[PDB]
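This is entry.txt. It holds compact mmCIF, C-alpha atoms and all ligand atoms.
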```
# COMPACT_ATOMS: atom_id res chain seq x y z
CA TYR A 1 39.22 13.92 9.09
CA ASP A 2 40.05 16.50 11.77
CA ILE A 3 37.56 16.24 14.68
CA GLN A 4 38.78 19.55 16.23
CA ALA A 5 38.80 21.73 13.04
CA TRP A 6 35.26 23.01 13.58
CA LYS A 7 36.40 25.30 16.42
CA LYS A 8 38.68 27.61 14.41
CA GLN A 9 36.15 27.42 11.52
CA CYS A 10 33.47 28.70 13.94
CA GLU A 11 35.80 31.40 15.31
CA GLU A 12 36.41 32.64 11.74
CA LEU A 13 32.68 32.56 10.93
CA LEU A 14 31.94 34.56 14.13
CA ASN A 15 34.60 37.14 13.09
CA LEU A 16 32.81 37.54 9.72
CA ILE A 17 29.45 37.85 11.51
CA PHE A 18 30.85 40.57 13.84
CA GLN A 19 32.10 42.54 10.72
CA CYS A 20 28.59 42.21 9.11
CA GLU A 21 26.45 45.31 9.69
CA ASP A 22 23.40 43.05 9.95
CA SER A 23 24.80 41.57 13.20
CA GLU A 24 24.81 44.87 15.14
CA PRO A 25 21.44 44.25 16.98
CA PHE A 26 22.66 40.77 18.01
CA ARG A 27 26.25 41.37 19.18
CA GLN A 28 25.35 41.84 22.86
CA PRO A 29 22.34 40.73 24.97
CA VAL A 30 19.07 42.59 24.19
CA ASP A 31 18.89 45.71 26.38
CA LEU A 32 16.03 45.28 28.83
CA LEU A 33 15.82 49.05 29.42
CA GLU A 34 14.95 49.60 25.73
CA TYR A 35 12.66 46.50 25.48
CA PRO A 36 11.17 46.14 29.00
CA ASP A 37 8.84 43.24 28.18
CA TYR A 38 11.58 41.21 26.41
CA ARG A 39 11.74 38.50 29.10
CA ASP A 40 7.92 38.18 29.15
CA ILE A 41 8.22 36.78 25.57
CA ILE A 42 11.73 35.32 25.41
CA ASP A 43 12.71 32.54 27.82
CA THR A 44 16.32 32.13 26.76
CA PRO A 45 18.14 35.21 25.56
CA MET A 46 21.11 34.62 23.27
CA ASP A 47 23.59 36.87 21.42
CA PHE A 48 26.84 36.55 19.42
CA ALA A 49 29.12 37.71 22.25
CA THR A 50 27.70 34.96 24.49
CA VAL A 51 28.24 32.42 21.66
CA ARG A 52 31.86 33.58 21.09
CA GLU A 53 32.58 33.57 24.82
CA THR A 54 31.10 30.05 25.15
CA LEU A 55 33.29 28.86 22.28
CA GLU A 56 36.46 30.55 23.62
CA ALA A 57 35.84 29.15 27.13
CA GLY A 58 35.90 25.60 25.63
CA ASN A 59 32.22 25.17 26.57
CA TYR A 60 30.98 23.84 23.21
CA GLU A 61 31.65 20.17 22.52
CA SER A 62 30.57 20.27 18.87
CA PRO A 63 29.55 22.76 16.17
CA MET A 64 25.96 21.46 16.50
CA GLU A 65 25.77 23.02 20.00
CA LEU A 66 27.10 26.36 18.69
CA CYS A 67 24.61 26.17 15.77
CA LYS A 68 21.70 25.58 18.28
CA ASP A 69 22.70 28.79 20.15
CA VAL A 70 23.07 30.82 16.91
CA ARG A 71 19.65 29.59 15.71
CA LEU A 72 18.20 30.67 19.10
CA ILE A 73 19.40 34.27 18.38
CA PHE A 74 17.32 34.19 15.17
CA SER A 75 14.25 32.43 16.67
CA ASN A 76 14.24 34.97 19.57
CA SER A 77 14.26 37.81 17.02
CA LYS A 78 11.35 36.19 15.16
CA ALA A 79 9.38 35.59 18.37
CA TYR A 80 9.94 39.17 19.62
CA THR A 81 9.30 41.01 16.35
CA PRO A 82 6.04 43.00 16.25
CA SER A 83 6.07 42.58 12.45
CA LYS A 84 7.62 40.32 9.83
CA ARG A 85 8.65 43.58 8.09
CA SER A 86 10.48 45.09 11.15
CA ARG A 87 14.06 46.32 10.65
CA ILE A 88 15.80 44.17 13.33
CA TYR A 89 13.92 41.02 12.28
CA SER A 90 14.71 41.71 8.57
CA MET A 91 18.42 41.97 9.51
CA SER A 92 18.15 38.62 11.39
CA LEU A 93 16.80 36.91 8.23
CA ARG A 94 19.74 38.01 6.09
CA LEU A 95 22.25 37.17 8.79
CA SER A 96 20.60 33.76 9.26
CA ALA A 97 20.90 33.03 5.51
CA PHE A 98 24.61 34.02 5.64
CA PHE A 99 25.20 31.89 8.76
CA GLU A 100 23.38 28.82 7.34
CA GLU A 101 25.33 29.07 4.06
CA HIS A 102 28.67 29.06 5.94
CA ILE A 103 27.88 26.61 8.80
CA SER A 104 26.73 23.80 6.47
CA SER A 105 30.28 22.67 5.55
CA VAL A 106 31.43 23.03 9.18
CA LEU A 107 28.70 20.66 10.33
CA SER A 108 29.22 18.27 7.43
CA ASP A 109 33.01 18.06 7.89
CA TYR A 110 32.69 17.56 11.66
CA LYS A 111 30.05 14.82 11.32
CA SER A 112 32.08 13.07 8.60
CA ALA A 113 35.25 13.25 10.74
CA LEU A 114 33.42 11.83 13.74
CA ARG A 115 31.95 8.97 11.64
CA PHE A 116 35.52 8.22 10.42
CA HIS A 117 36.77 8.26 14.02
CA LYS A 118 34.10 5.73 15.04
CA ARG A 119 34.40 3.52 11.89
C1 LIG B 201 13.96 44.21 19.09
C2 LIG B 201 14.68 43.42 20.17
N1 LIG B 201 16.11 43.57 19.97
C3 LIG B 201 16.96 44.42 20.67
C4 LIG B 201 18.22 44.25 20.06
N2 LIG B 201 19.46 44.79 20.34
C5 LIG B 201 19.84 45.56 21.46
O1 LIG B 201 19.10 45.78 22.41
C6 LIG B 201 21.31 46.02 21.42
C7 LIG B 201 21.86 46.14 22.84
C8 LIG B 201 23.11 47.03 22.67
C9 LIG B 201 22.84 47.89 21.41
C10 LIG B 201 21.48 47.44 20.87
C11 LIG B 201 18.01 43.26 19.04
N3 LIG B 201 16.73 42.87 19.00
```

How does this structure look as structure tokens?
Amino acid sequence: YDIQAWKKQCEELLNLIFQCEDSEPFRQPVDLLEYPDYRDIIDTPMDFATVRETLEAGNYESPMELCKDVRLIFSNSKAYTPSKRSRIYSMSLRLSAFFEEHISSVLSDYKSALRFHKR
């Protein structure tokens, strides 16, 4: 029933993601000095520190907006990868599976709570 519960649930999920070794390439914005053509391919960079900061600033209205930014981290990795077998991209796939498995109940509970609120 709790319309606000998603926020702490997302904070806890981000803490687990930061402890995951697979998140290391995605914890801070992609370094343009190491990947000089990154912005020729990626229009909207995204990373987990930006997501956490957006959440902590009170700049997400719903967990769907946070989930759109997290999915952008993974689609950027897929768009930038030179190969579907590359190390960083392979780490993004595992991390994406872990994120999707945990965010599902957050989204479901929020949407159910909001439908109850508007009943
Ligand atoms: C292949 C594109 N790509 C780069 C990163 N990650 C990085 O640049 C981080 C910046 C700080 C330490 C390493 C993830 N994906």

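Near ligand LIG 201 (chain B), at distances of 9 Å or less and with only C-alpha atoms and all ligand atoms counted, sit the residues residues 24, 25, 26, 27, 28, 29, 30, 31, 32, 33, 34, 35, 38, 47, 76, 77, 80, 81, 82, 86, 87, 88, 89 and 92 of chain A.
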
Around region 92-102 of chain A, with edges along x, y and z and 5 Å added on all six sides, what centre and edge lengths do you get, in Å to one decimal, as lines of an AutoDock Vina configuration file?
```
center_x = 22.7
center_y = 33.7
center_z = 7.7
size_x = 21.9
size_y = 19.8
size_z = 17.3
```

Take CA of residue 41 (chain A) and CA of residue 65 (chain A) and report the distance between them in Å, one decimal. 23.0 Å

I need the residue nearest residue 58 (chain A) from this list: A:96, A:4, A:19, A:112. Use all atoms listed in the file for the distance.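 With all atoms listed in the file as the atom set, the closest residue is A:4.
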
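For the atom pair formed by CA of residue 79 (chain A) and CA of residue 23 (chain A), the distance is 17.3 Å, given to one decimal.
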
Have a look at A:56, A:37, A:2, A:43 and name the one nearest to residue 14 (chain A); count only C-alpha atoms.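 Nearest to residue 14 (chain A): A:56.
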
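Each of A:118, A:22, A:83, A:113 was compared to residue 1 (chain A) using only C-alpha atoms, and A:113 turns out to be the nearest.
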
Measuring atom to atom with all atoms listed in the file, identify which of A:110, A:99, A:74, A:60 is nearest to residue 17 (chain A). A:99

Counting all atoms listed in the file, the option among A:119, A:102, A:7, A:94 closest to residue 66 (chain A): A:7

For residue 42 (chain A), which residue out of A:106, A:117, A:73, A:63 is the nearest one, using all atoms listed in the file? A:73

A straight line from CA of residue 84 (chain A) to CA of residue 103 (chain A) spans 24.5 Å

Kindly extract all protein, DNA and RNA residues lying within 6 Å of the coordinates (33.3, 34.9, 17.5) given in the file, considering all atoms listed in the file, and supply them as a PyMOL selection string. chain A and resi 11+14-15+52

Selection near residue 70 (chain A), 8 Å with only C-alpha atoms, sequence-local residues under 5 positions removed, as an mmCIF file with C-alpha atoms, in the frame of the given file:
```
data_model
loop_
_atom_site.group_PDB
_atom_site.id
_atom_site.type_symbol
_atom_site.label_atom_id
_atom_site.label_comp_id
_atom_site.auth_asym_id
_atom_site.auth_seq_id
_atom_site.Cartn_x
_atom_site.Cartn_y
_atom_site.Cartn_z
ATOM 1 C CA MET A 46 21.110 34.620 23.270
ATOM 2 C CA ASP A 47 23.590 36.870 21.420
ATOM 3 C CA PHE A 48 26.840 36.550 19.420
ATOM 4 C CA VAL A 51 28.240 32.420 21.660
#
```
